[PDB]
């Protein structure tokens, strides 16, 4: 009995649209804002139920979430029970070993009172909806910043900007999702505040909400590509295939989405396209030593860093259920143009492109923030490996701008390290709370 009628769509199902806009606003007139929040927004906020039926999917799907300062501006002083949310992402940046100096300037503070997520299959429709929202609210709000995002073109649809199939792996909410082979299975309360086994006491009105960690993460695609080529493990055959292999071993999947744990030496596109198979692994293999074998998947690969499965205990055969509480739901969408001829030929980025990163979780210290700082950025995670130093996550791992020392990537010697420049650059973001839909025309507009 998850009340999915009351849970904003993006949290659990995604927006299921081709285009999205992230519209970051300030509140100038609380009393006026509340009237329109309740009269005009509340009724068109799309729920999990609504979005889960192609029939009830609106022309423009709308979610809305508030920052700590946004809640304060609405006179909402209740403790939501999350100190990271409360203090905002800017004050948290040092945890991830970046400086707000590279952030979108409007992220580098707490001026942003909220974000509106618009999703639609054309940008035209999105723009008409922005117009409609702005004229409705009038002077009661100001736009501080916005970021447009879309599913990438054609064959690359649902792939991110480095070209890897994305959205494969999510936590399955016990009692809501039908678990796929290999998929972790977790209490609703890991993602939904006040949900089953959420140990943190919430204001009653906040029950059915989630915390949104937003991140604007630029990707240097041409530079990535060239680095793969330059450091492709010796072997055969073609240089591109060995570059692809190395790419794969960095992420933990081929670009087709085939997990390398199941197919370590060559891509398998059909496997990648198969929901019944492509997540059905734990990192354990009979009979290799889990603590020492990186021949299937490096200890430092992105996905193994972010969901370590058998690395943290639990069943060696699918499905592993370890570290449930550290699950996140991901609704990230690529942003920016495709790589151009000029950028590709010069192996140099000129146009900002990347990932509009969106993670949902009931406890920020358990989810995005934990994954970034305690796992991905942690040279000694996961524990109990030989060699002991795993190095940083080659995708997202940060060290105050320094190139990242990453181990295990080279199939023929797992002691062989690489020094890897950042290919993902954080321009920061903010922590929001995505209230249940009843709070929008309810408590928050009170």
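Residue numbers count along the first chain shown, from 1.
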Could you settle it for me: does 144-152 or 337-345 have the higher average Cα B factor in the PDB entry? 337-345
Of 234-242 and 255-263, the stretch with the higher mean C-alpha B-factor in the deposited entry is 234-242
Top Cα B-factor in this entry, restricted to 61, 410, 37, 396, sits on 410
Choose from 96, 360, 85, 357 the residue with the greatest Cα B-factor as stated in the PDB record. 96
Among all modelled residues of this chain, ranked by Cα B factor, put residue 353 in the bottom, middle or top third, i.e. lowest, middle or highest. lowest
How does the C-alpha B factor of residue 30 compare with the rest of the chain: lowest, middle or highest third? middle
Please place residue 291 in the lowest, middle or highest third of its chain according to the CA B-factor in the PDB entry. highest
Using the B-factors in the PDB entry, rank residue 283's C-alpha atom against the chain and give the third, lowest, middle or highest. middle
Could you place residue 324 in the lowest, middle or highest third of its chain by Cα temperature factor, using the values in the record? middle
